[PDB]
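Visitor: After the structure tokens below, expect a handful of questions from me.
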Amino acid sequence: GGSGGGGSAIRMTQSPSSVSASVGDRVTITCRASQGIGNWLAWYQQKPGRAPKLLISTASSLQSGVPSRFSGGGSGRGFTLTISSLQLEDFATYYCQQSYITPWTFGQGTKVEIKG
Amino acid sequence: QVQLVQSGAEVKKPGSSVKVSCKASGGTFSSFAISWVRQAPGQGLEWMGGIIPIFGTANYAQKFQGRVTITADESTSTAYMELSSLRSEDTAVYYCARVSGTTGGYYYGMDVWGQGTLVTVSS
Amino acid sequence: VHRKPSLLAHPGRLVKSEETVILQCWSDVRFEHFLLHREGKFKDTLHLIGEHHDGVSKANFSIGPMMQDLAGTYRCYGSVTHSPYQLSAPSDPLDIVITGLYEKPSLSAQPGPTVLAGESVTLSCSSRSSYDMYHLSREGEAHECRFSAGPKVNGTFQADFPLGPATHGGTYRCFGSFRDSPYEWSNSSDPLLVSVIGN
Ligand SMILES: *[C@@H]1O[C@H](CO)[C@@H](O)[C@H](O)[C@H]1NC(C)=O
Ligand SMILES: *[C@@H]1O[C@H](CO)[C@@H](O)[C@H](O)[C@H]1NC(C)=O
């Protein structure tokens, strides 16, 4: 954790590692931090091949063109991302990033899959 | 309509050096603060470093400091990332993205991204 | 070649963790744009358009809830132009430090906290932590940095601050820092009030 060599890299532990669900479904993804990042978290979405896209900034602020079904909240060390109605275009891999201290770290990632 | 175009995919041998270009369009190059993020099979996403907005100097992560140099040219409106000593594990897709700014000196997120450049370290 | 914009900090260059400080650049020369550069863990350059009042242009930059990256040597540059940012001479460097990251040290006073006028007082700062350097603050702001001693026989790391002959009282505080993180300081030493009794 802390050893006097400054603040070690803020480690983000993201959960779950993978998910399979249906269409019109609700799913929640949790992201935990080693230290306290405040509201300075961001959630990104990456579909295969395509570059990752920002979905939610400032823990809860949604960028433009983001459906309201994508919703995220949290504070301090615990954070969540809740997709209310799962749709086919939503199926991808989602990450969380801390914007606090310079060692900017991403979560391992969560994979959302359609069963069909 | 700020968008970023990255250099074509390149394949090099171990010990070589690779330079990736990130083309900027849709705004003033000086205003943007561009960072490089690596996605490797086995490593979700890693922030290698980024350029400061106006003066073009660079911040580097400890793991990538010593082998990575991030530069930019205002006239070219293009950013560059150079990996000095290529290693087989460095094989990954390398993205460039503009990190947005907000009040208090904080940067909150990376709004714009590039298509990514794949380096493949093959013997 | 332009005159140096003057950069100051309100309330002070010492800022506690998770707290806010305001940095202002003022100059008799009128720049429409003001720029601020930080050297340290995170280098960043912040822009705010200048507000022109009286005959002096000014700009209030806000450093948000304090964190490690936002600490460093801040310099303010000015420009009358827009896109090319034809830049002014650098402001005199201002070092903003974060306080409260590490354990608190202890501040003593030899001969004593309350002393007669003229009697020279030498405040001392010690802690078991291996702080490489100790910093002293009078009335919320000072510039007296002295290196720590080697591991003392008592197991402490100590630095002696000679205040000299004391005529005016004051409340002094002490902070600890490491060489690897120079602009990152510790908690505040419990305040010590130098009291001068004069006849
Ligand atoms: C900057 O903030 C200080 C403190 O409130 C205030 O006195 C000063 O007028 C402000 N300057 C500007 C240009 O707003
Ligand atoms: C610093 O002091 C505060 C109380 O003002 C305390 O809560 C905190 O734990 C202290 N930090 C350290 C590192 O000792």
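Residues in the structure tokens are numbered from 1 in each chain, the chains being A, B, ... in the order shown, and ligands are numbered from 1 in the order shown.
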What lies within 7 Å of residue 122 (chain B) using only C-alpha atoms, ignoring chain neighbours under 3 positions off, as a list in words?

Guide: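 Listing them by chain and then by number gives residues 12, 13, 14 and 88 of chain B.
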
Visitor: For those residues, write N, CA and C atoms to a file as a short mmCIF file (atom, residue, chain, number, x, y, z; two decimals), in the first residue's frame.

Guide:
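File produced: again_30.cif:
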data_model
loop_
_atom_site.label_atom_id
_atom_site.label_comp_id
_atom_site.auth_asym_id
_atom_site.auth_seq_id
_atom_site.Cartn_x
_atom_site.Cartn_y
_atom_site.Cartn_z
N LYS B 12 7.50 -5.58 -36.53
CA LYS B 12 8.95 -5.49 -36.41
C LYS B 12 9.48 -6.62 -35.53
N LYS B 13 10.79 -6.78 -35.55
CA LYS B 13 11.51 -7.83 -34.84
C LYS B 13 11.91 -7.36 -33.45
N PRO B 14 12.24 -8.29 -32.55
CA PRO B 14 12.73 -7.89 -31.22
C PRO B 14 13.99 -7.05 -31.33
N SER B 88 9.01 -9.08 -27.12
CA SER B 88 7.90 -9.90 -27.61
C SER B 88 6.60 -9.60 -26.87
#

Visitor: Compute the set of chain C residues within 7 Å of chain B, using only C-alpha atoms, and express it as number ranges by chain.

Guide: C: 42-45, 62-64, 70

Visitor: What residues in chain A lie within 9 Å of chain C, counting only C-alpha atoms, written as a list in words?

Guide: residues 4, 5, 6, 7, 100, 101 and 102 of chain A

Visitor: Within 6 Å of residue 44 (chain A), counting only C-alpha atoms, which residues qualify if same-chain residues fewer than 5 places away don't, as a PyMOL selection string?

Guide: chain A and resi 53-55+94-95

Visitor: Extract, using only C-alpha atoms, all DNA, RNA and protein residues at most 9 Å from residue 18 (chain B), discarding same-chain residues fewer than 6 positions from it, and format them as a PDB file with N, CA and C atoms, in the first residue's frame.

Guide:
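Just written: around.pdb:
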ATOM      1  N   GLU B  10       2.176  -1.908 -38.097  1.00  0.00           N
ATOM      2  CA  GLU B  10       3.548  -2.261 -38.417  1.00  0.00           C
ATOM      3  C   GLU B  10       3.937  -3.530 -37.675  1.00  0.00           C
ATOM      4  N   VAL B  11       4.840  -4.297 -38.282  1.00  0.00           N
ATOM      5  CA  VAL B  11       5.370  -5.523 -37.698  1.00  0.00           C
ATOM      6  C   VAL B  11       6.889  -5.429 -37.705  1.00  0.00           C
ATOM      7  N   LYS B  12       7.504  -5.581 -36.531  1.00  0.00           N
ATOM      8  CA  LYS B  12       8.954  -5.489 -36.414  1.00  0.00           C
ATOM      9  C   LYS B  12       9.476  -6.615 -35.530  1.00  0.00           C
ATOM     10  N   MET B  81       4.747   8.381 -30.785  1.00  0.00           N
ATOM     11  CA  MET B  81       5.152   7.521 -29.680  1.00  0.00           C
ATOM     12  C   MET B  81       6.178   6.530 -30.207  1.00  0.00           C
ATOM     13  N   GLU B  82       7.304   6.402 -29.505  1.00  0.00           N
ATOM     14  CA  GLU B  82       8.419   5.583 -29.966  1.00  0.00           C
ATOM     15  C   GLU B  82       8.826   4.623 -28.860  1.00  0.00           C
ATOM     16  N   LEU B  83       8.811   3.328 -29.167  1.00  0.00           N
ATOM     17  CA  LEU B  83       9.239   2.285 -28.240  1.00  0.00           C
ATOM     18  C   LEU B  83      10.637   1.832 -28.651  1.00  0.00           C
ATOM     19  N   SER B  84      11.629   2.134 -27.808  1.00  0.00           N
ATOM     20  CA  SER B  84      13.027   1.990 -28.208  1.00  0.00           C
ATOM     21  C   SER B  84      13.415   0.526 -28.381  1.00  0.00           C
ATOM     22  N   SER B  85      13.269  -0.271 -27.329  1.00  0.00           N
ATOM     23  CA  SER B  85      13.690  -1.670 -27.337  1.00  0.00           C
ATOM     24  C   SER B  85      12.443  -2.545 -27.378  1.00  0.00           C
ATOM     25  N   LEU B  86      12.100  -3.019 -28.571  1.00  0.00           N
ATOM     26  CA  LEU B  86      10.928  -3.863 -28.729  1.00  0.00           C
ATOM     27  C   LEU B  86      11.154  -5.221 -28.080  1.00  0.00           C
ATOM     28  N   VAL B 119       1.313  -3.280 -33.280  1.00  0.00           N
ATOM     29  CA  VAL B 119       2.686  -3.724 -33.461  1.00  0.00           C
ATOM     30  C   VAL B 119       2.748  -5.195 -33.079  1.00  0.00           C
TER      31      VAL B 119
END

Visitor: Could you list the residues in chain B lying within 9 Å of chain A, using only C-alpha atoms, and format the result as an MDAnalysis selection string?

Guide: chainID B and resid 43:48 59 61:62 95 106:116

Visitor: How would you write, as a short mmCIF file (atom, residue, chain, number, x, y, z; two decimals) with C-alpha atoms, in the first residue's frame, the set of residues no farther than 8 Å from ligand 2 when counting only C-alpha atoms and all ligand atoms?

Guide:
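Contents of out.cif, freshly written:
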data_model
loop_
_atom_site.label_atom_id
_atom_site.label_comp_id
_atom_site.auth_asym_id
_atom_site.auth_seq_id
_atom_site.Cartn_x
_atom_site.Cartn_y
_atom_site.Cartn_z
CA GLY C 100 -1.17 15.53 5.46
CA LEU C 101 0.03 12.58 3.38
CA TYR C 102 2.52 11.25 5.94
CA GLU C 103 2.64 10.91 9.72
CA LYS C 104 2.86 14.04 11.91
CA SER C 186 3.37 15.24 6.04
CA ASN C 187 0.72 16.11 8.63
CA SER C 188 1.17 19.25 10.71
#
